[PDB]
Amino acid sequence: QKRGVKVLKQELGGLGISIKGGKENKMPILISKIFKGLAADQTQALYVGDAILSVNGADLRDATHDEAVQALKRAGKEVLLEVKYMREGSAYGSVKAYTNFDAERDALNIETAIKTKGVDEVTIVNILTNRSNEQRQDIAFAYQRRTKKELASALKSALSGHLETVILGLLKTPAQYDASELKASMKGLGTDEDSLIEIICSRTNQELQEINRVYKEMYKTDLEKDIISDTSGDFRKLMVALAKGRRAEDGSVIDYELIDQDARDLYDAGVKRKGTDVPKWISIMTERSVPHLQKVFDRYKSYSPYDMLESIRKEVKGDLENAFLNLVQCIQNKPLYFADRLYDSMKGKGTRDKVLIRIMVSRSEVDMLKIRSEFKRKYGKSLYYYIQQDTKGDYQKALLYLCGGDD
């Protein structure tokens, strides 16, 4: 959305911004910093990550760094910027960026909340669950700058129970959270295959590329190597292939001939023969793009008397079956996949808090709004309602904030 912002230069700082990039960096001219208390700050209309397309009519779309600097420095007192937020994100998350964000004020209020007698969890929850993940990182930075202590450690001491689990999860970057959840699922004598499957089967190529990098940075070992240590058989081969994050990207053309051939190959490898050609299933379901596989699974119904999910249940068992079932759901309808997992986490006696928390934290800035739509459509009551009946206290309030509201 191209928008126009008028900035009045001040003799201290000028526009009061810093810029990055240029065509020699294969980047568009991007606002990198907005200095507190300067010209562009007082407009409250520009955000870090904005692409400056023109300055008083002077086009900057194909400008180098120096070309943009000279154009920005030359412009008179009144400056009209045509900007366009080019930072990629999702419009279907429930947690949005707070519109009056002050990282120092939040850090100071969180310090006050922690030091208050009995701890003011309400304020801590009201702040952190109503800031984007990027804003939380800025709060963590300002907290360390003012108090000289790390925010995550301070909150771990102040909080306990499920509330601590939610808050500490919210403080990690998305890749950090997934990496630490993957490490947790491969800790001790046993293995949490359900949690391992949920993350590996649902994460995209871009998300997995970042997880693989951050995992090695955090634990000094490759994620694939830890997967190999804690899994075996065809389940290992499927998990290792998926975790590589090298699925084919969604192309422009629809390959109908390959859609039909994949459908026949999936049929020949399973329902048509005794046993299963598991490597063939792994190759097709890990290499093809998601839109392609959606059409493959429908074309598969033309050849097989059972659909892909029912075919998996009849062909394989154990962890391998659970992996394929989760993967196919993520391909067909990922928001419905998470809606169903949320329902299973609460429907019965007690709560599967680990799963409930992990989904509310990890999907809150991705597709929580679609999850909520699928949930309300299938179960008749909102996700908000189900969280209300299964959780209590400040833990409940934090989850309700992450939910975002009723349906």
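Residue positions are given as counts along the sequence shown, with the first one as 1.
Looking at mean Cα B-factors across 245 to 253 and 131 to 139, the upper value is held by 245 to 253. The mean Cα B-factor in the deposited entry runs higher for 33 to 41 than for the other of 33 to 41 and 346 to 354.
Based on the entry's C-alpha B-factors, the most elevated value among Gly93, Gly76, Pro174, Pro305 belongs to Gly76. Remark: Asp265 belongs to the middle third of its chain, ranked by C-alpha B-factor as recorded. Placement of the Cα temperature factor of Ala158 within the chain: middle third of the modelled residues, per the deposited record.
The entry lists a Cα temperature factor for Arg372 that places it in the lowest third of the chain's modelled residues. Among all modelled residues in its chain, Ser18 ranks in the highest third by Cα B-factor. In this PDB entry, the Cα temperature factor of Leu81 sits in the top third of its chain's modelled residues, the highest group.
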